[PDB]
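Worksheet: the structure to be examined is printed underneath.
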Amino acid sequence: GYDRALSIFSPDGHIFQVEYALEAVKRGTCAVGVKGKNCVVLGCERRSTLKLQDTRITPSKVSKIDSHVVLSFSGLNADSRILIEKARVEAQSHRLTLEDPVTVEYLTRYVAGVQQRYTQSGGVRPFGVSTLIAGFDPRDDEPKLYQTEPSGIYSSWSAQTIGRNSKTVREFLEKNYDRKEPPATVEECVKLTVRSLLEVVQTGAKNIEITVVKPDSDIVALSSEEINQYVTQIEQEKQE
Amino acid sequence: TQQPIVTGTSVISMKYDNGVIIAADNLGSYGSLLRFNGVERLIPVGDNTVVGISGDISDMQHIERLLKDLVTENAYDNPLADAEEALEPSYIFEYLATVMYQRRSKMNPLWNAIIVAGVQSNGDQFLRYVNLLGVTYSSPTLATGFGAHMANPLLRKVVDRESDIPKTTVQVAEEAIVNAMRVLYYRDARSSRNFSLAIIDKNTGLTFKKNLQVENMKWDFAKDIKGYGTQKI
Amino acid sequence: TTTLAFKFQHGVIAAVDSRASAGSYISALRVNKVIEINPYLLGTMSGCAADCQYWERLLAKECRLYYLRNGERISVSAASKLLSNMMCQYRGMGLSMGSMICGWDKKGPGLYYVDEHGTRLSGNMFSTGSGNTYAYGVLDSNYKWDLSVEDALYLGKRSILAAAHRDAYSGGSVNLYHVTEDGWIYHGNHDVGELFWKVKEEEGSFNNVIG
Amino acid sequence: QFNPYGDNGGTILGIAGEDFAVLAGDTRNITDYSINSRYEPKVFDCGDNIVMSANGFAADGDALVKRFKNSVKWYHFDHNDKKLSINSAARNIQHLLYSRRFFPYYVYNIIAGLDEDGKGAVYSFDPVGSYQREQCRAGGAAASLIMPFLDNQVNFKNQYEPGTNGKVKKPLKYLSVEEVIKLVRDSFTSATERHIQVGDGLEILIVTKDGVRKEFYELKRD
Amino acid sequence: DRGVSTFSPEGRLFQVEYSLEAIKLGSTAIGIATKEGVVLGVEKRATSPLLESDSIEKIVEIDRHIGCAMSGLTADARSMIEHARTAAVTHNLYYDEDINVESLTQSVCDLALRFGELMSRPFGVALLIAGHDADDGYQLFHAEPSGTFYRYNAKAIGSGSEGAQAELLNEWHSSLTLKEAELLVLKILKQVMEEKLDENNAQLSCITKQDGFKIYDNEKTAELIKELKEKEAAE
Amino acid sequence: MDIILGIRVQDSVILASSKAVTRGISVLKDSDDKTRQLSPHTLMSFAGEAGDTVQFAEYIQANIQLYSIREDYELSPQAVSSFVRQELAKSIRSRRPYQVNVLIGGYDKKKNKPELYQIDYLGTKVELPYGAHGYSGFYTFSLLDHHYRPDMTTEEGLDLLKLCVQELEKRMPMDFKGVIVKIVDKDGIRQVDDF
Amino acid sequence: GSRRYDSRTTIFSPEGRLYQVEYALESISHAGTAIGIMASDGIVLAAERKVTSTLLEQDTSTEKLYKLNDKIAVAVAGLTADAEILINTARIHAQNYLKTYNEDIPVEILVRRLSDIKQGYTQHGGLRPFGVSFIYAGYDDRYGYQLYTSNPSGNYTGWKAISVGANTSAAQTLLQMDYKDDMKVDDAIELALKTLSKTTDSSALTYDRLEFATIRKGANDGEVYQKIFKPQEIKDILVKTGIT
Amino acid sequence: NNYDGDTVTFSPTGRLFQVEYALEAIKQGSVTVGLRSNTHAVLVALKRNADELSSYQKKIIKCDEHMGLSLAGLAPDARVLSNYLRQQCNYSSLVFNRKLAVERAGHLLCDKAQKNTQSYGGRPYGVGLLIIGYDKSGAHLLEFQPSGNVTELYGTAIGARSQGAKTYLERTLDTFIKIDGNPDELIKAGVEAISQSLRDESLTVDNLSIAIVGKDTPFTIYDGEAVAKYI
Ligand SMILES: *[C@@]([C])([C][O])[C@](*)(=O)[C]([C]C1=[C][C]=[C][C]=[C]1)[N]C(=O)[C]([C]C1=[C][N]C2=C1[C]=[C][C]=[C]2)[N]C(=O)[C]([C])[N]C(=O)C1=C([C])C2=C([C]1)[C]=[C][C]=[C]2
Ligand SMILES: [Mg+2]
Ligand SMILES: [Mg+2]
């Protein structure tokens, strides 16, 4: 078999292949995650270079791993499918052997472990993907939001963004998001998520996707018109 | 798992004051057929060990080759192969015992009963038994097959316990062994008159006697025996 | 063997005998048929002694690793399932192991029956072993959810006694456990010889037996 | 058909004292109605103040002992010459036995020594690895002859104090090494009389904080 | 290109030496061994204020009697921790006892050089393994990706290591109490850290014979930080 | 386990499954639910050798749940039944086959039709208006042959099912401890708590 | 050893791109243009054969349009040999699905499977990727008519109208201009041919330089029919639309 | 230069540079001395610490009751090779009821190290070993190099500044060989030999490591206050 060590240390103590995988994430479309008091919202950019697209059948940016957990990403699209599939298999494998659905923290730890494994295994390259994993643990009303990256490190976030121009939207979230008082309602949480994407997106038409996840496996994706109403209200307040 | 085909009967042995004696007949039986009459079942290893083998002859020939190859291998990169690092009886036995127990554990045994007789570096007598099951034991007298039932009782009258060994001479021990071989010829239906005998002494070394015969047999009393009860003529 | 275990208002009772046999021969008078997996988890044993000890101690290894990875104690439901999954690997290979996994977790007190076929059953009351029928008789006629800790311990104790008396392959002594939300509590070793005569006098039972 | 198992007879006996332990066994080795050896050692000093005997099928017994002796050697290498405690040895032997759950070592195994508090310890096994610490245990051919005698004379079972008539038991006073050795010798002399596979010789290994000591006694050779 | 298991002209494995450079970029971790216990402390170093700092897990339990701190590419530590936990509990299964801290460390270090063309590269993380056993008492080990492990009375690893190690050189003595060690870790962490030390960006832990391995609460550490400030202002 | 029945009426599928579980000579449980929800509108009951039944059912459940998540779409009862059959047909020639018989009751939301599939451990699939496994059919099929209509209501289906259980309770030597009844229709799966 | 000669086909550039995937896409940009247009009542697949000869046997030739099953077809742009490897795998996958579930495979599931195979060659194995881009035209009862495209990266996306191969930039602009949502198959046929006629590098668009196919519900009642156009039929539709 | 990229490449002058670089790792390692008489064999090792808070890296490893070695270079490689010896010593005991000859132990180490010098992908061992033992032909001392070369010697030394100790032993040859039935005097000669390789630092209680094997002496290691006698 092909055993070649592709991810290796350089003289300055860097694994370039893992770092170049982060550059692939930098190229990817912007994804954002914001957790309110009783919900989490996942926002995703859709680049408008591709029109004549069939939005019914085109792979959505946010993917359900189980009925209570979702996964969005930034980076190589093809790479993300492999992580999503593995995650979905592990989710069912956990229910089958332990009789409880995975916690959001466990699922994140698994996906992060897969990413890490591909940084010190022979004949393979790292995943050019960073993920935002969100949901609610079984019989728990505390929101969960985690981030992973090609190296395999993961951590929990009150709010986080990844992908192209993520530096800008993170800047926005850092000054707008208050920890002492997070978005109390769904509206406030979505509004803040849309506002953050409007710093980067360009047009607020079909370029913004929003997915709201509430406790007890209550996951819904907002439509174009519903999002467009947020876009309208934000700019009308801005004209002042 | 197999069944033994061509077989060798009893191997008998005993310790005496300065060494060990071992003996076995020269027959290779094919069931009730006394097929082969020139089979050597005592196999010397160097000048300090004799391995006596009973049971399946094809497996005996295989073991014979393992021992021949063992001597070759021991000499490799060994300037003391004919001195301090020569093969000992205890080394040869433990090797065979390892092989026998491994083969039985794979359910493919060497269908044999083996007695390793020899004298160690320090002059100590070595006499130990091993068989197809990997079972091992040592005693002042050892015998396989029919020898266990008929020879041991005779040999144990000479050396009944450990303290009788220094009191037993080579002439007495050889005499006991030779008598035992005669008794086996009288009573074992798969035995032969012709046999081999080996003496390993700490002073005189290895003496290997071939083409020995059972002699001084009692048959004359047969003439008087008539019928199976009431018949007089 | 005879083992039993049942849920009630104040947790779960677990009671086992202590005999071991090799044909008609009583090979052991005092074997421990309960394993202390952790401070809140117990496992009863019935069937092949070796199988019971090996696999339930392997379960404890696996339950301990769960705590280290997750920073939290394993549920009774998950623990019972790990064990039932072990049984399914050696499916048809000739293992003989009947066990109850007793404990207290976030759902309250838990009790699962697991056997060598990979069977996994949740319930309020179970009894395994050669003398389980005798134990069930006493349990079924006297069990309530509203039992006091004192009355519940006695019921499990008395139920094993019933089996020890009639079943030839059950006896020796009775080992009692009481599982609470602060953990299991051992309630001693009770010789059946002494217990029988004591219960006979105090209760008035076993009238047919002379003493 | 090839039968990989056999029966080499023999009987073994372990008794735990307050600050000592004994492991005894006869020295006779047999197949069917024949004697292989009148002196074939069966109880071994395995190191770290531990004695062991695997009785039943000698080939499997020798293999187990050989493997445990090896386990002790590698325990020293891997864990900085740390002493293997008797409880740790017992657990190790369980795994050696269960490694052959589907092709068992055909032996009844007993080990003896001292626990970490210096008290006498005996551990007993079945052929597939179930074990436990015991005060008294006889194993092998005449195990059923000897065990009841030990229940009576070591644990004072069915023995009550005269005058009370069954109301008060005989108190469980500890036994000295001299008293234990008497019970061992009488156990084997009795077993030798009524069991054909028991006889020839008796070898006892006594374990104390000072080390391992041996005592040999002749038995009837019929 | 060149082999992964290649020796340099100086007699060192290139990849092992390069992994050591990655460990120098990692966040600071400090360990101090005393006769009352071993203290382990780490710099969390959150990359952003929105990152929930309590999810940063750079101190980890291996067994009840063994703890572990990490520095470098912390993602690489997860498989090492998993192996350590498995080795610790497996030994408990085979021998019905706790495993020696040294033996546990040796088991972890056996993974180190299992790389070639097995894993494709050495680990990019160093570990401080602290624990207690009956034979050798309270112990602190430093496990490297070279496969080498040294025992230490006190040790610092990460970006502020040589500065912290020089400070540990002067401060450590054989009669240190547990409380004194706690304040000493906090003191040296505060010295080498970029941001100002508090209960949210720095974590403490210890291992004692009685209570075993414990990670300290943020409320408990906050008091020790306040106790440190006052005693430094005292002279 | 012992008895599992199934009946497909006008607008639903009804599955009845015994509650007894026996080891040796003792009935360990009299409230066992011999069924798994494969999807919101697909229910599978099962009966066969100890242990194999639940393991197989849960393995099927996991696979269908995996499909549902991957495609964000519920498989038709026909598709699920075919998947299950193939797994059993694959199993029968294995080293150690899974000795499990199943009934799959589902409501097809596309066609707006209830569907009942009977599959035995060999992988023998048949679509039926009513079905059973083992000896259950010997007692009940004569009643079903007589009383069954395809335009029956759910309530009439339950009444005919009661008659089948009464006949089983009269003429079967074994005590199966009554049945748990579940209904599968357009609105999903629900349990009849009083039967 | 062998390491010396390894090109390392599955690595990132410093910018975070996959070299071989990018170079495979460069190869595909020189391939004959293929166009797919989805309408309300069907799908059109049109493709240009590359500089043919008069001695090429056209009626038995197939380099662009392939049938995966009765409901799904693909247009190829790139190395034909590479495409046939993938096509045969896709044909098997569709049959595996049909055997398992007793239903025809949903279009997306087939597309995802092929795209996952392409992805694998970019992440592991040390082999060169497939120098192929597909346009998938298919139908199922969930989403109805569907167009997809996949490329050597293993990334796939859905489309109303799309082009692959040469001059996709020019072709996509022309499609974006004239395409409407309420469009029909007969109109889409005309759009496809008109777009090829303007983007082609050849002097004039003729029947012998084209492969053409439609997927219509224009089959007797509720069912779908695949029509791979014959040389004479392509000649007729070229006259009908007013190109020749 | 161009021929040092891997172990599978000869240089134009017939040299194997990766092996030579592995040999270089031994020279960087701390000094260790080996010497023997006709009755006993002794190892003496200067242990090295990381700093004052650190412990002193162990240098001597036991292989059997009658055999053991001291290391110089990559310690993990010594652990691998010593583990291999432990297994080989043990295979000889379990199968042949025979204590492994020290000469044969050297032959096995040679062959194990050699395989790593001729194959692609792997690397040579980066450690040197001094093996001592007492077998049926008396006391023995071996020097192992990771090139594969194993040499039986009366005395030797490897590591940094090892030439000083080696010269001393070359002078003392006739004296220390005759030290029969006197373990303490043989150790003294070893401690005096290793002292010739010291600069700046001297032999302290936690610095010095000694091992001995002989006629009626199992392989035992002396560390800590057990070696204060010889300082
Ligand atoms: C009842 C007493 C008898 O059925 C009970 O089931 C016990 C359960 C038990 C659980 C844990 C520990 C000990 C016992 N079972 C036995 O005692 C079994 C019964 C049995 C014999 N053969 C068999 C059985 C069960 C299933 C298949 C086959 N007995 C044993 O397993 C025998 C072999 N055990 C011993 O002989 C033991 C000895 C001697 C011994 C043991 C077990 C444990 C510790 C020290 C000594
Ligand atoms: Mg007799
Ligand atoms: Mg059927």
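The figures here come from the full heavy-atom set of this structure, side chains too, leaving out hydrogens, waters and symmetry mates. In what follows, chains are A, B, ... by sequence order, proteins preceding strands, each numbered from 1. First listed ligand is number 1; within each ligand, the first listed atom is number 1.
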Could you identify the single nearest non-hydrogen protein atom to [atom] and state the distance to 0.1 Å?
atom: atom 46 (C) of ligand 1; result: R137(D) NH2, 3.9 Å
atom: atom 12 (C) of ligand 1; result: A49(C) CB, 3.6 Å
atom: atom 41 (C) of ligand 1; result: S130(D) OG, 3.7 Å
atom: atom 33 (C) of ligand 1; result: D126(D) OD2, 4.0 Å

Side chain of [X], backbone of [Y]: donor and acceptor closer than 3.5 Å?
X: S45(F); Y: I4(F); result: no
X: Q135(D); Y: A16(D); result: no
X: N109(D); Y: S53(D); result: yes
X: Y113(C); Y: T128(C); result: no

Any protein heavy atom sitting closer than 4.0 Å to atom 8 (C) of ligand 1?
yes

The one among [options] that brings a heavy atom closest to [atom]:
atom: atom 38 (C) of ligand 1; options: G23(C), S27(C), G172(C); answer: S27(C)
atom: atom 21 (C) of ligand 1; options: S124(D), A22(C), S21(C), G171(C); answer: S21(C)
atom: atom 18 (C) of ligand 1; options: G47(C), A28(C), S18(C); answer: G47(C)

Give the atoms of ligand 1, by number and element, whose distance to some non-hydrogen atom of [X] is under 4.0 Å.
X: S96(C); answer: 26 (C)
X: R19(C); answer: 2 (C)
X: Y169(C); answer: 1 (C), 2 (C), 3 (C)
X: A20(C); answer: 17 (O)

Would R23(F) and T119(C) count as having a side-chain donor-acceptor pair, cut-off 3.5 Å?
yes

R166(C) NZ/CZ over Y134(C) ring centroid, <6.0 Å and within 45° of normal
no

Consider every N or O of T1(C) and every N or O of ligand 1, then say whether any pair is closer than 3.5 Å.
yes

So, is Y108(D) polar-close to ligand 1, with some N/O to N/O distance under 3.5 Å?
no

Cationic N near anionic O, under 4.0 Å, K157(D) to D151(D)
no

From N38(C) CG over to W184(C) CH2, what is the distance, rounded to the nearest 0.5 angstrom?
10.0 Å

Verify side chain to side chain donor-acceptor pair (under 3.5 Å) between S173(C) and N189(C), making sure each step is shown before the conclusion.
CA-CA 6 Å; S173(C) 50; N189(C) 176 263; 3.0 Å; yes

